[PDB]
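Okay, structure first, notes after.
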Amino acid sequence: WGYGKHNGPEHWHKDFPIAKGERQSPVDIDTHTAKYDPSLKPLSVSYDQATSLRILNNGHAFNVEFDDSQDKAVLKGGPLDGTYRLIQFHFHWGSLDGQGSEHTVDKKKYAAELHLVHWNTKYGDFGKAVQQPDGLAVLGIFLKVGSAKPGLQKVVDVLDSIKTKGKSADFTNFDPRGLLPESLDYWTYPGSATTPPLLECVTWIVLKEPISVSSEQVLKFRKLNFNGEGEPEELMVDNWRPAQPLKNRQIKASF
Ligand SMILES: [Hg+2]
Ligand SMILES: [Hg+2]
Ligand SMILES: [Zn+2]
């Protein structure tokens with residue numbers, strides 16, 4: 001599986017039949033049909049004690065890993081019940097500025113989309129979390145091309161070090177608070193992981209407010225390889241899944 005013409009999203013069903021499941025993600029967020037739910041509590045993001053460990057190219061994106069052996073970096077509140085721990089974050093991007101995000105708003109596509117992945121602690125480990133309908137919580141933030149994002153530069157600069165598939169680099173003392181928008185207003189719906197095994201375990205939390213990044217920062221993302229070192233070069237671009245049928249589900253808004 002990949003994002004090419006021969007192994008792209010359109011082929012994934014063959015290997016993972018859940019691909020045409022009931023609660024697949026990403027989806028289009030129709031701002032007029034979303035339901036304002038007054039019963040939604042404000043999100044609670046506690047990342048002051050986060051411990052970053054490393055970054056690695058997994059061949060489909062780059063992951064920034066965190067120490068999730070304790071309640072160091074947690075998400076709670078909003079539509080959630082219990083504490084969810086930060087395990088990693090990654091992005092999806094395009095080949096051009098006009099495409100890149102997974103989720104869309106009124107059919108609008110963003111340059112990229114950041115995913116902060118968290119697992120429900122009542123389940124003890126990530127691996128067991130992905131066996132539950134409420135096992136994960138992903139915070140999705142959109143990136144638009146404008147001003148440079150100070151807080152993202154630490155990541156941009158290291159990309160040179162993890163150019164091909166399978167490379168990793170120590171990546172400590174990275175503060176994820178630098179990537180969050182000013183406002184925490186959001187839409188939420190039940191879905192799935194957006195990459196194989198596409199398991200339907202996620203409560204999606206998509207922030208209304210985008211963060212801006214500069215042209216040069218996104219340009220660096222586009223310099224990554226899908227391929228392993230010493231192999232034909234294939235630029236890591238358009239590593240996004242197209243929107244999936246909502247299928248009855250209701251998207252709720254906290255505003
Ligand atoms: Hg999953
Ligand atoms: Hg699940
Ligand atoms: Zn993702």
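3J(HN,Hα) couplings calculated from phi for region 28-44 with the Karplus curve 6.51 cos²θ - 1.76 cosθ + 1.60 (θ = phi - 60°) are, in sequence order, 7, 9, 8, 5, 8, 9, 4, 9, 5, 10, x, 7, 7, 6, x, 5, 10 Hz; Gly and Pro show x. Our summary gives the chain a relative contact order of 27 percent, counting only alpha carbon pairs under 8 angstrom and 6 or more residues apart.
Tell me the mean residue ellipticity at 222 nm calculated for the chain from its helices only (DSSP H runs of n ≥ 4, each -39500 (n - 2.57), averaged over every residue, nearest 500).
Numbers: 3 runs with 17 residues, N = 255.
Rounded to the nearest 500, it is -1500 deg cm²/dmol.
Couplings for region 193-202, taken from phi via the Karplus curve 6.51 cos²θ - 1.76 cosθ + 1.60 with θ = phi - 60°, read 6, 9, 9, x, x, 6, 4, 8, 10, 9 Hz in order; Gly and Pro are left as x.
Would you please put 80-93, 176-189 in order of how densely packed they are, using the mean number of other Cβ atoms within 10 angstrom per residue and starting with the highest?
Values: 80-93: 21.3, 176-189: 17.1.
Answer by packing, highest mean first, reads 80-93, 176-189.
Per-residue Cβ neighbour counts within 10 Å put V64, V145 in the sequence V145, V64, beginning with the fewest.
Put simply, when 245-252, 23-30, 163-170 are sorted by average Cβ atoms within 10 angstrom per residue, most first, you get 23-30, 163-170, 245-252. Taking amide H as placed 1.01 Å from N in the peptide plane, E234 has its amide H under 5 Å from the amide H of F226, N227, each at least 5 places away in sequence or on another chain.
How big is the Kirkwood radius of the chain, worked out from every pair of different alpha carbons and given in Å to one decimal?
Numbers: mean 1/r = 0.0542 Å⁻¹.
Value: 18.5 Å, from the Cα pair sum.
For the options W119, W12, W204, a Gaussian network treatment of the chain with springs between C-alpha atoms closer than 10 Å singles out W12 as fluctuating the most. Taking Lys and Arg as +1 and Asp and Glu as -1, the other residues whose beta-carbon sits under 9 Å from that of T188 total 0. If the elastic network links every pair of Cα atoms under 10 Å, which of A19, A34, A50 fluctuates the most in the Gaussian network model of the chain? Comparing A19, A34, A50 in a Gaussian network model of the chain, the most mobile one is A34.
Derived scalar couplings between HN and Hα for region 168-175 equal 9, 9, 4, 8, 9, 6, 9, 9 Hz in order, rounded to whole Hz, by the Karplus curve 6.51 cos²θ - 1.76 cosθ + 1.60 (θ = phi - 60°), x for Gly and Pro.
We place every Cβ from the backbone using ideal geometry, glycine too, and count neighbours over all the protein chains shown. A short reminder: the numbers here are calculations on the coordinates, not readings from a lab.
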